[PDB]
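So the structure is just underneath, and the comments pick up after that.
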Amino acid sequence: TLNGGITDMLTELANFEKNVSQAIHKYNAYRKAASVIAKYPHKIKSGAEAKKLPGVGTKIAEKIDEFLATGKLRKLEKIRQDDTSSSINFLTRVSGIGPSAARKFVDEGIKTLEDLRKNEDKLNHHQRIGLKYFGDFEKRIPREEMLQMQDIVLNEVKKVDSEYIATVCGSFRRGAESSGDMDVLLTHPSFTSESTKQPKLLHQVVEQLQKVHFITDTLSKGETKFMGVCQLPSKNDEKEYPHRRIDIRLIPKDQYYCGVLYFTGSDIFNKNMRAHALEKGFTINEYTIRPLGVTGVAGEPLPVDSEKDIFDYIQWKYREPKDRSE
DNA sequence: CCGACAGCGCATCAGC
DNA sequence: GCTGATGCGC
DNA sequence: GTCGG
Ligand SMILES: Nc1nc2c([nH]c(=O)n2[C@H]2C[C@H](O)[C@@H](COP(=O)(O)OP(=O)(O)OP(=O)(O)O)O2)c(=O)[nH]1
Ligand SMILES: [Ca+2]
Ligand SMILES: [Ca+2]
Ligand code: NA
Ligand code: NA
């Protein structure tokens, strides 16, 4: 991490713009700059050097100059000393509490972990579970545990219907040695873009994983997306494993490649790739890549038989999952 | 100078 | 109950 | 906050 100090600074600024200022585009701008700097293979010596990189503008170059000179940024030093900003920033670390709910809570005088813990009845379901596992959700998951979790999920799915295919995506698929949480793409031949020949396809899998005490809590659930909590089983006299976040996404089977492209990420990589897509006259989502007509309206879905086919349309050389960690 | 910035699932709520 | 906006999440 | 046109 040649430029750890700079990228940390930019990420902190991004988080401020998202959580406090509620300026989503400034947030994305800061994260884009951080990402491009993170991959730059030289230790940055100046703002001018950084300003050569796409996403790094005049304002950021100036901040980089301040940071390199003094080891800090006055702007951030202040934000840190602001009570309302500090509190809002903290509260948003709970899953289910966003910028709006955080500011609302601060208004009501709820601004610490202790405050939340004695005001559970003021939280919705998602927030209450977010609070419950606040500490656990802070922890990362060693790849070794991710592998054990993979085994459990794939084996339990197979026991429901051997025609299910479950794929672990996210940072795990990108080869990371540790992951923030588990993401599972699910397909079944009964669910395609042309028909749903069977109901409760996602439900049956969730139920099974709850049955073996793998899924422990539910944050939200619909016909195609599950968001919840899971936990590896522990051995005799062993301390329990931390509870982990799990997301499961049921995708039409004939749209697997667009699905897996999306679910593999990273998030910044996806934003960059979809952005480039627009520049190139296409629109990409987790289902399809379509041409944009002169009207601006998306045309019909183009044939896709691989992740590479999607890269081909937008004239990008294929990049393996491990090189999508932006 | 300024329009545009990726795209979408589920939960919650106001209005009807 | 439905629909569209909003919040929050991926 | 940055960028393309
Ligand atoms: N968190 C997040 N994920 C997004 C966004 N947009 C988008 O396409 N995704 C996709 C790509 C991500 O790799 C995928 C899974 O989300 P994730 O938060 O679990 O991220 P991850 O596996 O890459 O990283 P991590 O768990 O190790 O922290 O969702 C977004 O705005 N936020
Ligand atoms: Ca993940
Ligand atoms: Ca996730
Ligand atoms: Na630049
Ligand atoms: Na949050």
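All heavy atoms count here, side chains included; hydrogens, waters and symmetry mates do not. Proteins get letters first, then strands, A, B, ... in listed order; numbering begins at 1 in each.
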For C/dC10, the sugar region implied by its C1'-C2'-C3'-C4' torsion sign: north
Touch check for A/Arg103, heavy atoms < 4.0 angstrom, all strands: base, sugar-phosphate only, or nothing? nothing
Atom CD of A/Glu114: over 12 foreign heavy atoms under 6.0 Å: no
Would B/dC5 and B/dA6 pass the stacking test, six-membered ring centres less than 5.5 Å apart and planes less than 30 degrees? no
Taking DNA chain D as the partner, which of residues 131-151 of chain A come within under 4.0 angstrom of it by heavy atom? none
Summary of protein contacts for nucleotides 7-14 of chain B, nucleotide by nucleotide, where a base hit scores B, a sugar-phosphate-only hit scores S (4.0 Å, heavy atoms): BSBSSS--
Given C/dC8, C/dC10, B/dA6, which nucleotide is nearest the side-chain atoms of A/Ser100? C/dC8
Could you tell me whether A/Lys104 and A/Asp107 make a salt bridge, using a distance below 4.0 angstrom between a side-chain N and a carboxylate O? no
How about CD on A/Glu223, more than 12 heavy atoms from neighbouring residues, nucleotides or ligands closer than 6.0 Å, or not? no
When you look at CD of A/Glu77, are more than 12 heavy atoms from neighbouring residues, nucleotides or ligands closer to it than 6.0 Å? yes
Nucleotide C/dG7, atom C1' - distance to CD1 of A/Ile24 in whole Å: 12 Å
When all nucleic acid strands are considered with a 4.0 Å heavy-atom cut-off, which category describes A/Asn272: base, sugar-phosphate, or nothing? nothing
For A/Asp181, run the side chain to side chain contact (heavy atoms under 4.5 Å, CB included) check against A/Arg245, A/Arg140, A/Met227 and tell me which one passes. A/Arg245
Listing request: all salt bridge (charged side-chain N to carboxylate O under 4.0 Å, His left out) pairs with a residue in residues 36-59 of chain A, at least two apart in sequence or in separate chains. A/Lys39-A/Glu326
Whether over 12 other heavy atoms sit under 6.0 Å from A/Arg319 CZ: yes
Is any side-chain N of the basic residue among A/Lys253 and A/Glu163 closer than 4.0 Å to the acidic one's carboxylate O? no
Compile the donor-acceptor pairs under 3.5 Å between side chains in residues 145-153 of chain A and protein atoms, sequence neighbours left out, one pair per line.
from, atom 1, to, atom 2, distance (Å)
A/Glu145, OE1, A/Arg244, NH2, 2.9

Can you run through DNA chain B from 5' to 3' and write each base as (, ), [, ], | or . depending on how it pairs? Watson-Crick or G-U wobble, both distances under 3.5 Å. |||||.||||||||||
Short N-O contact, A/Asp267 and A/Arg31, less than 4.0 angstrom: yes
Reckon A/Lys271 touches a base, only the sugar-phosphate, or nothing at all at heavy-atom distances under 4.0 Å? base
Outcome for B/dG15 when its sugar is typed by the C1'-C2'-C3'-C4' torsion: south
Inspect the surroundings of NZ in A/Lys308 and state if more than 12 heavy atoms from other residues, nucleotides or ligands are less than 6.0 Å away. no
Less than 4.0 angstrom from a charged side-chain N to a carboxylate O is my criterion; do A/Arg249 and A/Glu286 meet it? yes
Apply side-chain hydrogen bond (donor to acceptor under 3.5 Å, both in side chains) to residues A/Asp115 and A/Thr112 and explain how you reach the verdict. CA-CA 5 Å; A/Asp115 293 339; A/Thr112 75; 3.2 Å; yes
May I ask you to say what A/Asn270 touches in the nucleic acid, namely base, sugar-phosphate or nothing, with a heavy-atom cut-off under 4.0 Å? nothing
Using 4.0 Å as the upper bound for N to carboxylate O, is an ion pair formed by A/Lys159 and A/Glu156? yes
What is the nucleic acid contact for A/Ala101, judged by heavy atoms within less than 4.0 Å: base, sugar-phosphate only, or nothing? sugar-phosphate
Distance under 4.0 Å to a non-hydrogen atom of chain A counts as contact; along DNA chain D, which nucleotides mark the start and end? D/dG1 to D/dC3
Please measure how far the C1' atom in B/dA6 lies from the corresponding atom in C/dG9, and state the result in whole Å. 15 Å
